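Here's the letter readout for the chains.
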Amino acid sequence: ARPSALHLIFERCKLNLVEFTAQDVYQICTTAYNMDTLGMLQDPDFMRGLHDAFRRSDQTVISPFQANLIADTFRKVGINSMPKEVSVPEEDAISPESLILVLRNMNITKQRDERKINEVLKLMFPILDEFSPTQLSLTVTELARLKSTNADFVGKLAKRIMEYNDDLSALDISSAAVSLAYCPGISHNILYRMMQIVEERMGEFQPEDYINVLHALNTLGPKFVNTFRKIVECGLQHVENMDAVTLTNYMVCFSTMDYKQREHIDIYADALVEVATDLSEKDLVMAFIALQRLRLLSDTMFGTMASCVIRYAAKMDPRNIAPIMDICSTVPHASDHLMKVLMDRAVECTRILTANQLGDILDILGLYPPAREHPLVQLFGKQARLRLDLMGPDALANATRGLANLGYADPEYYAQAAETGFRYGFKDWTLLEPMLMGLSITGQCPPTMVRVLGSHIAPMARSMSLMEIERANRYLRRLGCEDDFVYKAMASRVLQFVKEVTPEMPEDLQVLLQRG
Amino acid sequence: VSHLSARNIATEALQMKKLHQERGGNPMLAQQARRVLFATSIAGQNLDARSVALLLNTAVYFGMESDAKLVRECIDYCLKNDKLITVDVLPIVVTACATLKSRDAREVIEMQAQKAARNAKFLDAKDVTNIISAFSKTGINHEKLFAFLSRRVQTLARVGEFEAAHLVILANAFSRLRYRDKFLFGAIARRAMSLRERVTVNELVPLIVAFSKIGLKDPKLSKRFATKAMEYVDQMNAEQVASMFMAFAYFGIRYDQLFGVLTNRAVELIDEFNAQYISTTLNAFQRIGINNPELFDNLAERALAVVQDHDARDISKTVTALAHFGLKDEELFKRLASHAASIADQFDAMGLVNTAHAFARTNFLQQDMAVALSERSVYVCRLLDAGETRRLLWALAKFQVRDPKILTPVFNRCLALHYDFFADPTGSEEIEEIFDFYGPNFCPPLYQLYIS
Amino acid sequence: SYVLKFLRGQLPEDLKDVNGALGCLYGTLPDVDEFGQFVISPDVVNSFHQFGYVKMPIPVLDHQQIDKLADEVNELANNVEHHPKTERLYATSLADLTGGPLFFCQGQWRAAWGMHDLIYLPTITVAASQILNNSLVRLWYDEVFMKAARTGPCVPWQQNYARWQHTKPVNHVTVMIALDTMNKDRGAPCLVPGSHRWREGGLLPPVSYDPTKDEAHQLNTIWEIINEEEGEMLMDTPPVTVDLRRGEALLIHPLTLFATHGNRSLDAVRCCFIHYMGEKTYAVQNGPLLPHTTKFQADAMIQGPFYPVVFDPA
Amino acid sequence: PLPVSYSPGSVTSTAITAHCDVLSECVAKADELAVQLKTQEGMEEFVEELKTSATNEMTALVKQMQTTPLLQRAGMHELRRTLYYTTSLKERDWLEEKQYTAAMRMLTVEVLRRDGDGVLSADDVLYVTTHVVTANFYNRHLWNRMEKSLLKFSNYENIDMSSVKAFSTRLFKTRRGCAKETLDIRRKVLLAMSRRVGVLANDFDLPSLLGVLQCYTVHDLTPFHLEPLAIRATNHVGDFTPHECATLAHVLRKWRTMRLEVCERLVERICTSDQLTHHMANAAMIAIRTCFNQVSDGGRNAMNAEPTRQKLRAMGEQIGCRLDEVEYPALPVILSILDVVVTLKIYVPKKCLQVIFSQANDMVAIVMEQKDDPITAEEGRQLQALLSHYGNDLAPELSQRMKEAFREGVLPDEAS
RNA sequence: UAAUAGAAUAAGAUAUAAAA
RNA sequence: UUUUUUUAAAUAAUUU
């Protein structure tokens, strides 16, 4: 209900009859987001007028995040809005502050422009000396967020930052380290010197500093393992009380570095699984993966981690079903309940899984005994038949192998898979075996298909071992190939690795020997 | 559909396009995809280059023009972030921008052309074929990029890194661009010969069609193609029979042993012939020059039951081919004339002139088609050559048309190209017919040019 | 024929050839037995037949749809990167490549999505059919008006049927939809009650249009074309301005006097007209009624792809 | 009589003729003063008064073309010269943006209307396209119609000589700053008239034979129909100035025509120059390499392979001996010459080597010291290795400076 | 007053043209 | 059966 004065002001704002500056629209939007008494968000004819007022105003007065907030509060209602792009300063508008603001505007409002980045960099170089120490760190952070490829300027900035080592604090040092590690093309000399500086001032570090340093070392790689050593020694006296995210980062760095002093690994994992219940979904997934990769999943380890992950198992993200599914394999521990809940969740989201994820899930469930008697096999078969157009060779091989191992019988799907695999040739034997496995379930195929299959398998018989030779022979006999060049090629290899025939020789091989 | 993010929308749009351009054109999938893509926006969300390229491609494929918002937002993103468009999503962007004809589309296509020119040496088997096909979709004349890509294709094909589908795609892409290179096509033919049994009929017919279209004038490979195709006749479909008819008319060499078997197989499947197949076969017979009445009677009879299926192109080709060979079919001619009168607004610039001349050459005048074609000539006068303008003017004079609103455009066009108009000897007789009707009063300057 | 693999899903060069309606705004058209939901009350019909005009009680479009339609209108007048399918338009103010303070477009239903869809909108076509005595109703043509901010002009008094003299019988109606909130300070529609029955269903003399003059004189030129009795009826019932929301629709008789105000707000104002015509309608001369359209002869019934039948009471 | 409206492209004269004549006289006087220079304030005062007169004339012309229906009544050649002057006076900076756009919009409208009528001949299309794309004036319909009409190869058959040369020169001169969107349509012009130029092969002047070849090769176009144009040039070497020979060598290399017999004559004509520069020496080395790469050790003439190689090496040394007179602008020139001489094992005297290394020393020192101004790290590695191979006694300063550059890290990487 | 990231994947006819 | 390349190149002419 709008009284007379309120209604008249609403009408005046509705008719675009009032000139609004950026500050006033920001204040009104803040009031609306804070309090909903007058129903500002419930009048489309009012927020539409406010949006029209916002478009035709000078947005350069307010800070970048204020413009981003107005855009977000208009997007939430249902109006597609985007703050205007800032122009590069020209002539005397040149200053360090405006050149930082251009990057900040491009960062916050999600409007990345490589041409404007290049223009700004080509104009900030001469005055690099005038820059203050904090502005250098801000520029490094902004360039790291924008994924700029101009590693030379970032290196120059990093050198000028190192020249003021005394001025900078622990937080600035950590921010510079991580922002340098994120740039791909940075020279390794500057990286070595920056990690050397991080190596000292080690006791001053805070949990945020520890997280930044561990992120940088995970990004960098084994080449800096030595520095990481002094980190794990440094935290050996605080390990009994650390944040769960810090211990997860420690496990990730342990897995990446291929650390080999096992006592530190065991102590840190033991400290982690005490407070593992505080981890988010993503961090829990990565703790599980890192622990698996280090060969540390004992019985209690796996039990505790599975109990912690079963909570998020109800609403798992699609990207997180496959990794835990893999971890549940390759371990001799009971994980029936986790498997069942994960399979149910996988069934729930069968219409949003990409081709690669569907192939991975079918591969992981291929040999699972309790996965045959489930609706997932049929649902995933239909989904794979639909998605065969979007599947690469690896995804095709994975899905077809998983379906063949699961007992799914559908001749049309296997014929279509064989055609799609004939579109792009099979590079490896592992990429071709699933097609044979699928086609051998029914036991028949058109003669042209078996001829093309024989033509493909014939060159690959030169390098496969005896077991592969036997499997290929079995599949070819099941399909019914008559081509002689194949059988001849398979025969020769057999002889080379087995000299001449013998009564002892297996009958099938002896037949294979006859080049039927 | 609201809970789907932009990435899932892009994936499902690609799925819908793949289902529609391959497994039927169900008018339901197209309209659902149009409705979904009409209410999507890339605004305020961080997206990969591949997802934006997929959205742009699937939007443009479904009719969306260069005025739509989604298209504008994707084009702006492709302009601003150029180094994020790697060699994997270059073909998608180029294919999407092929049909869009504006300033931004031209700029993006040029930038991607230069990027592919620089990195032409580091591509692999998939990338060369995808990029060359995508650049064949758009009409561009970057010769240096084509030379680099052909060199890389030869280097890859020497070691044998191409399949049957790759060979068909490469042959069609290089034939569509009119890039005549003998070594590249020799290498493609040799790669197919090495493939041997891995090429089936469905992957063999387009190879022959493209190899004939490029026009290498090499009689060594035409005979080999004919011999290879001679074994596969019994497995062919009617569309494939018409395709080889057209291809071996394009080659220009006479192979009687092949033409006889092709004719027998075409007669066998006479009930499966549509109007397009009949028009293609008659055009191929006109081009090659052979005169075979036995097949012609069956083709004409089957064309009589599918009159309603005829397009403008099919009517034009069929009527011209029938008139060249001097075949008389009064019922077929009358039905074709009426149908052409019904769809007179579907004739292109040259199809109209060919149809009118073919109808006028034989003594068959019908007012229904005459009025429609004469009225439609105004909108195609401006896209005509000198000889085509002469043919249209003669056909119009045969129809006894005197409306100035029709005759002013054609006279203007023939006056603008008078030199080539009066320098073609084969039409000289036609000239003396035209001014035998209109007389010196009609367009005196043309008469003064004629006297000189 | 053979359509290339990458051109299978495209639309015709002009949307006239598209039979039916695309699903862009409101999805697919309802079934044959589902057209009774959009019927209008008889009192609205009586109000139209009495006043010569009426307003539909409910907005005909959701706000997202109005946003999309406003985007289409904005793109129809780009003037830097001209609209595709601009050559499919009956007339445009950008034919001089310069534009101005007033942008008017005609026949845009063959140019853009949504605008073509809006023609077959059930809520308005059923109402217009009810006004036209439950007959088949065929689109006559559309129109788009866009007035710039702080300088937008006003179109003076006019009669719609004055522009359709080439059409024989008086069987028409107009539906005007607001694409932006309108008021007397931005392009509001001002109509005279009971003016469609003044000259025994006749046409008043055309008004004198003198541009580059204030809005007051442009709207006051009405005292020049009317007679004494029309003056008395004017004095009893002075012209009324109608406020419209972002989606509200207004039905107008072809013969009622009609004007729109100027635009003095701080943003451009948009509105769209669509004229609807009854089945029993003939031509008077020989030739095309509109530029580059199918030509008729003597008193021929008006049909073809250029005047599609949008609704059928059977 | 039919109301035809066909006017010759190059009678029906209006006041546009007088206005364009006045503009012609003013432009001619301004160019005459500009030549007369070779009193700057005085000549700039006269230029100011002449540009004022031209601005007044064009303002009157645009007012007339706006108010009265003059474009329909005028002929066609007047339209051509009006387009020429409107597109030319903007580049000379005598017109404002608003007036330029106002004139060009109506010129485009009139041209589109006449195209719709069908009067546009086969020469007017080329003229309009050439004089519109080079000014980068955009109108969607005009550009699309011109591009679509330039694919009717049958019309463009009997173009005159002067039209061919004028269009080629106009497209050639303004190539540097062209926007990307303008490039593609440019090519569609050159290939529209490619067959006519190919037939016109025996009429071009020797100098022009190079202008047309360069105009085609800069727009990365090497059509088959232009093949005789190059061949004649190969048969007419010796009439070219020595500087032109380097460009000829590059062109012939890019047309897949360069062979040994023509390479010998090109190298000989190069060596006849009074004093060499970087361009001719670099071109000669590139030609020697590309001709040495063409000998097969197991072909039909395999037994003749080795002597030919020797000959090439010999004609390398003639160029290699005179390697001190040139002035290298950039390091890649030096690196290319040195790669050519090292790979092919040409012998070079020590004096030219010392001159080369001393010249490179100043460039690397400037790059190291200024650091404010693009020598990559791999190029520097190559230069260091080359100096080490030929001996560090040639330039002791360059070795130490160059090693210090490696130590500090001034030189960026190729990825950046 | 306001800043956190994951995925690697291929469809295919526009009515032309002289020499190991 | 096999035959292909790696410059910053700038000198045409006109009243269009």
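Residues numbered from 1 in each chain as written, not as in the entry; some residues may be left out. Chains lettered and ligands numbered in written order. Part of a larger assembly, values for the part shown. Heavy atoms only, no water. Residues with missing side-chain atoms left out of burial classes, pairs and counts.

Structure determination for the deposited model, as stated in its record, used cryo-EM, and the stated resolution is 3.5 Å.

Now for the protein's contact with RNA strand E. Taken together, 44 residues lie near RNA strand E, and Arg176, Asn202, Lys213, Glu239 and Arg313 of chain B sit nearest. Near the protein, within 4 Å, the atoms of RNA strand E are sugar or phosphate in 40% of cases. Residue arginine 313 of chain B places a side-chain N or O atom 2.9 Å away from a base nitrogen belonging to RNA strand E. Contact distances for RNA strand E include 3.5 Å between a base nitrogen and a side-chain N or O atom of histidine 225 of chain D. (Near = heavy atom within 4 Å. Polar contact = N/O pair within 3.5 Å; in protein donor to acceptor, adjacent residues only side chain to side chain.)

Another aspect to go through is the packing of helix α1 (residues 6-20) of chain B against helix α2 (residues 27-37) of chain B. For any two helices packed against each other, one specifies the crossing angle of their axes together with the interaxial distance. Residues and elements named next belong to chain B. The N-to-C vectors of α1 and α2 enclose an angle of 155°; their axes lie 10 Å apart at closest approach. Between α1 and α2, the angle is such that the two are roughly antiparallel. As for the relative orientation of α1 and α2, their crossing is left-handed in sense. Contacts between α1 and α2 involve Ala13, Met16, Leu19 and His20 from the former and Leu29, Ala30, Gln32, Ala33 and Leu37 from the latter. Within the contact of α1 with α2, the residues separate by chemical class into seven nonpolar, two polar and no charged. (Axes fitted to C-alpha atoms, helices over the stretch in contact; angles between N-to-C directions. Helix = DSSP H or I, 4+ residues; strand = E, 2+ residues; numbered from the N terminus. Parallel < 35°, antiparallel > 145°, perpendicular 65-115°, else oblique. Left-handed = near helix turned anticlockwise from the far one by under 90°. Contact = heavy atoms within 4.5 Å. Nonpolar A, V, L, I, M, F, W, Y, C, P; charged D, E, K, R; others polar.)

Glancing now at the packing of helix α25 (residues 466-479) of chain A against helix α27 (residues 507-514) of chain A. Residues and elements named next belong to chain A. The geometry of α25 relative to α27 is characterised by a closest axis approach of 11 Å and an angle of 70° between their N-to-C directions. It follows from the interaxial angle that α25 and α27 lie roughly perpendicular. For the pair formed by α25 and α27, the contact residues are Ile469, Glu470, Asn473 and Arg477 on the first element and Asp508, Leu509, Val511 and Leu512 on the second.

All right, on to the protein's contact with RNA strand F then. With respect to spatial proximity, 38 residues lie near RNA strand F, and among them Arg190 of chain B together with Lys165, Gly211, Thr217 and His279 of chain D are the closest. Sugar and phosphate atoms form 53% of the subset of RNA strand F atoms that lie within 4 Å of the protein. One of the side-chain N or O atoms of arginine 176 of chain D is found 3.0 Å from a phosphate oxygen in RNA strand F. The contact in question runs from a sugar or linking oxygen of RNA strand F to an N or O atom on the side chain of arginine 289 of chain D, over 3.5 Å. Listing elements by their share of the surface near RNA strand F, those giving two or more residues are α8 (143-158) and α10 (182-195) of chain B together with α3 (77-91), α7 (161-173), α10 (206-218), α12 (242-254) and α14 (278-292) of chain D. The element contributing the most residues to the surface near RNA strand F is α12 of chain D, with seven residues. When the residues that make up the surface near RNA strand F are grouped by side-chain class, the tally is twelve nonpolar, 13 polar and 13 charged.

With 227 residues, the main nonpolar core has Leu56, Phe135, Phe211, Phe245, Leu407, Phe411 and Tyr438 of chain B as its most contacted residues. Apart from residues lying up to four places away in sequence, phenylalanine 135 of chain B is in contact with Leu90, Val94, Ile109, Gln112, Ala113, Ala116, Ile140, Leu145 and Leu177 of chain B. (Core = buried A, V, L, I, M, F, W, Y, C linked by side-chain atoms within 4.5 Å. Buried < 20%, exposed > 50% of the residue type's maximum accessible area, 1.4 Å probe, protein only.)

A few words on the environment of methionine 301 of chain A. By the element assignment, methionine 301 of chain A lies in helix α16 (residues 299-312). The spacing of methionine 301 of chain A and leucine 291 of chain A is ten residues in sequence and 8.9 Å in space, taken between C-alpha atoms.

Residues and elements named next belong to chain C. The sheet built from three strands is open, its strands ordered β7-β6-β9 with antiparallel pairing. The two strands at the open ends of the sheet, each matched to only one other strand, are β7 (240-241) and β9 (258-260). In this sheet, β7 lies alongside strand β6 (residues 189-191) in antiparallel orientation, the contact comprising two bridges. Counted as the bridge partner of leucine 191 is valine 240 from β7. (Pairing = 2+ DSSP bridges.)

A cluster of acidic residues, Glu41, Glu44, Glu45, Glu48 and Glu49 of chain D, forms a negative patch at the surface. Here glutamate 49 of chain D shows up in helix α2 (residues 40-67). (Patch = residues over 30% accessible without salt bridge, like charges linked within 9 Å, V, L, I, M, F, W, Y side chains within 5 Å. Areas by Shrake-Rupley, 256 points an atom, 1.4 Å probe, with all protein chains shown as cover. Salt bridge = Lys/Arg side-chain N within 4 Å of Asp/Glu carboxyl O. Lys, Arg positive; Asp, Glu negative; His and termini not counted. Charge placed at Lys NZ, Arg CZ, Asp CG, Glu CD.)

This part is about helix α6 (residues 228-236) of chain C. Residues and elements named next belong to chain C. Buried within α6 are the following residues: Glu230, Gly231 and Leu234. Each buried residue of α6 lies within a common arc of 105° when the element is viewed along its axis, so the set occupies one face. α6 presents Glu228, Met235 and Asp236 as exposed residues on the side facing more than 90 degrees away from its buried surface. One side-chain oxygen at the N-terminal end of α6 lies 3.5 Å from the backbone nitrogen of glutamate 229; it belongs to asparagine 227. (Arc of directions from axis to C-beta.)

The next point concerns the interface of chain B and chain A. Counting from both sides, the interface comprises 22 residues of chain B and, opposite them, 24 residues of chain A. Summing both sides of the interface, chain B and chain A together bury roughly 2,200 Å²; the carbon and sulfur share of this comes to 50%. When the area that chain B buries against chain A is broken down by residue, the three leading residues are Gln15, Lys80 and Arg198 of chain B, summing to 25%. The interface formed by chain B and chain A contains two salt bridges. Close ionic contact of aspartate 389 of chain A with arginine 23 of chain B constitutes a salt bridge, the shortest N to O distance being 2.7 Å. (Buried area = accessible area lost by both parts, 1.4 Å probe.)

Moving on, we get to α1 of chain B. Taking 1.5 Å as the rise per residue, α1 of chain B with 15 residues should run 21 Å; its terminal C-alpha atoms sit 21 Å apart, in good agreement. Considering only its buried residues, α1 of chain B is in contact with α20 (375-387) of chain A together with α2 and α3 (49-61) of chain B. (Expected span 1.5 Å × (residues − 1).)

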